[PDB]
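Asks: pasting an experimental structure with its sequence.
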Amino acid sequence: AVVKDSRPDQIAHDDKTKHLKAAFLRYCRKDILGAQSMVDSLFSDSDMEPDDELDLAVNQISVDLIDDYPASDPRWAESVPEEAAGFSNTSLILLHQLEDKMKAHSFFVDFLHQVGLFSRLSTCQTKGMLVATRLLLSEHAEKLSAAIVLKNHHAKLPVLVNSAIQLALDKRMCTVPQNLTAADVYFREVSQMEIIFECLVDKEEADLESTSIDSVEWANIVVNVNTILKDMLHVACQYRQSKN
Amino acid sequence: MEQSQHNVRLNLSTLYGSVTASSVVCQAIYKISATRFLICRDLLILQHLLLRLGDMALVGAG
Amino acid sequence: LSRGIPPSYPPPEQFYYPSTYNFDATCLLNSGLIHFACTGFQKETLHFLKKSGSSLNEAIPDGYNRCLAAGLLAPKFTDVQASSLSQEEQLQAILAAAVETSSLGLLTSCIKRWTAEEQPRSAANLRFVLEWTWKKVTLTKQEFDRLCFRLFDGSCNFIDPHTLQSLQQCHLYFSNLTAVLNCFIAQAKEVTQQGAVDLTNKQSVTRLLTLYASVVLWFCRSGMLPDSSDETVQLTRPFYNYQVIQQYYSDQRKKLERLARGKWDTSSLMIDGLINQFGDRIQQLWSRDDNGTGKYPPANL
């Protein structure tokens, strides 16, 4: 039931992405055989050729997976009737949604390795600079872990991080469903979390202009932001080094 | 009706009472008990339903 | 060949269209009989949507379109199409209509269906319907107060069947929204404790209004208003003699006081001790009556 012509983007691309999603769901349900059968049904895995269409489809699947909570997760549990004001474990639900996002990313990478498509991952065009899509998935996982630790910082130092979250939301002009939250939406599309750092900084000079002598927060705020930023750099570096 | 014996008019007064009659009577009373059970339950349900409906398509409900 | 029943007479204009005529018929042949139904399309769409109620939201556009085309919707719902509306407002209108139809079961079954299978907008829909339910409670109670104040004061002695029908509609609304809230708390696996507390508060409010509507409807139907001692409105039921009874118990109280003196604690009526467990809150409630302030019988119904 193949669809004719590859081209940059059309309904055939959507069909290919749906097939990739079905094979990935099979892999999550622990079926290497059906996933590999679907993979062979679209592209031969005996080819070592660079396939920009294949890499682009894989990258888009990864983008959708990281920006949307996966199927059959506790996020669907309150999406189906539980939310009127929410229950007492919403932060835990968000944390475990991030956990399942990491698990699904791992399952997808393992699926690609099993079906031999991870080896076929060559490149894609981003911002005018060429990136290997294996590296792209690695960065997806790195910034997913960054979102996880970002939720951790959100829990530990709430007022400043939430102020930065809302400021970045304002600068991002992305809508929030009432079932979701501001932090949840920000943590879903992990592609644009960078806004939070300069939002923090702007708030920093805003406060420090006002701060006068005999102030301990005068240094405490800087201590906090220093630790937090160092920690995200730390976790990204260690994930990259470990998973190279 | 206590165990005060009535004046017999036929020998049909002492007629019948066999074990077959007992079995038939017990089966019949079981069956009629079940049927009247269902009928009375439906009657009470219909009574309550009609009482709660009031004037939704009805007239003269006063 | 028959037509449907309306939630409130007279029947709508849909009754006057052939689309409402649902009828089965049989054609004779030289080989047998063939039986068919006519204008069952409306109920076919309705039952298909209900069985898809676990994913009802996505089928609301097409299903609502089919219901509008068949004329199943009330005449007022035909002016708005599912293409120009969204499934959520279509569902809210359908739920409203089910409320005026005195059909709480459809809402309960639909929400139970939504509780299963993945459907992200179900939580939003239930939220919107719950605030809608509470504001509908508020408007219904206000309207009921407006209807009943003229009877409490005494301006209207006999209402019309239309006012009686509106009161019955309000009572049925109270019952249906009770059922809706109680279902909601039944399949509510997760809410804040404050949310549960205030939801129980509002359900208790619904109970108070439901019983109050029942009793006031009973007085209106029996003609016990304005008040039962009003000899002008007593032509079918036992009238009341307030003076005889109140004076008799005043004399009973005085007799009990004179017998008790200072060697007995019994110097108050049994109803007096009864209201005492509830405290003087009832005394303040009834401290607007003649022949004693908060003394049984209180003068105001």
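Replies: Sure thing, it's come through. Residues are numbered from 1 along each chain as shown, chains lettered A, B, ... in the order given.
Asks: which bits of chain C sit near chain B?
Replies: Those residues of chain C that sit near chain B, judged by C-beta under 8 Å from any C-beta of the partner chain, are C:5-9, C:102, C:161, C:164-165, C:168-169, C:171-172, C:175, C:221. Where C-beta positions appear, they are placed from N, C-alpha and C, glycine not excepted.
Asks: would you show me how to pick out the buried ones of these in ChimeraX?
Replies: Once 16 or more other C-beta atoms under 10 Å in any protein chain shown is used to decide burial, the buried members of the residues of chain C next to chain B can be selected in ChimeraX as follows:
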select /C:7,8,102,164,165,168,169,171,172,175,221
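Asks: all helices for the stretch 201-301 of chain C, in order.
Replies: Using DSSP state H, counting those that start in this stretch, the helices of the stretch 201-301 of chain C run over residues C:242-260, C:270-278, C:281-286.
Asks: how about the ones you listed, which one is nearest residue A:61?
Replies: The stretch from these with the least distance to residue A:61 (C-beta to C-beta) is helix C:281-286; that distance is 66.5 Å.
Asks: how about the helices in chain B?
Replies: Assigned by DSSP state H, the helices in chain B fall at B:19-53.
Asks: no wait, chain A
Replies: Assigned helices in chain A, in chain order: A:11-28, A:32-42, A:52-67, A:74-79, A:90-115, A:117-120, A:133-156, A:158-172, A:182-188, A:195-210, A:217-243 (criterion: DSSP H).
Asks: the inter-axis angle of the last one versus helix A:158-172?
Replies: In terms of direction (axes from the mean of the first three to the mean of the last three C-alpha atoms, to 10 degrees), helix A:217-243 departs from helix A:158-172 by 70 degrees.
Asks: over to the third one?
Replies: Between the direction of helix A:52-67 and that of helix A:158-172, the angle (the same axes, to 10 degrees) works out to 140 degrees.
Asks: in helix A:52-67, what's buried?
Replies: Applying a neighbour-count criterion of 16+ other C-beta under 10 Å, the buried positions in helix A:52-67 are A:54, A:55, A:56, A:57, A:58, A:59, A:60, A:61, A:62, A:65, A:66.
Asks: wait, the fourth one sits on residue A:20?
Replies: Yes: taking contacts as C-beta atoms under 8 Å, residue A:57 lies within contact range of residue A:20: 6.1 Å.
Asks: still on that earlier bit, wait, which of the helices of chain A is closest to residue C:232?
Replies: Comparing the helices of chain A against residue C:232 with C-beta to C-beta, the closest turns out to be helix A:74-79 (60.1 Å).
Asks: CA atoms only: put that closest one into CSV for me.
Replies: Extracted C-alpha coordinates of helix A:74-79, given in CSV (Å, rounded to 0.1, in the frame of the first residue of the first chain):
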residue,chain,number,x,y,z
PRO,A,74,-0.9,9.8,33.2
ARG,A,75,-1.3,13.0,31.2
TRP,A,76,-4.1,11.3,29.3
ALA,A,77,-5.5,10.2,32.7
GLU,A,78,-6.6,13.7,33.7
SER,A,79,-7.2,14.7,30.0
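Asks: can it be found next to chain C?
Replies: Yes: using C-beta under 8 Å from any C-beta, helix A:74-79 reaches chain C at A:76, A:78, A:79.
Asks: wait, which of the residues you listed is closest to chain C?
Replies: Distance from chain C was checked for each of the residues of helix A:74-79 next to chain C by C-beta to the nearest C-beta. The minimum falls on residue A:79, at 3.9 Å.
Asks: quick one, what contacts the closest one?
Replies: If you count contacts by C-beta atoms under 8 Å, 6 or more residues apart in numbering or on different chains, residue A:79 has them with A:179, C:118, C:119, C:120, C:121, C:122, C:123.
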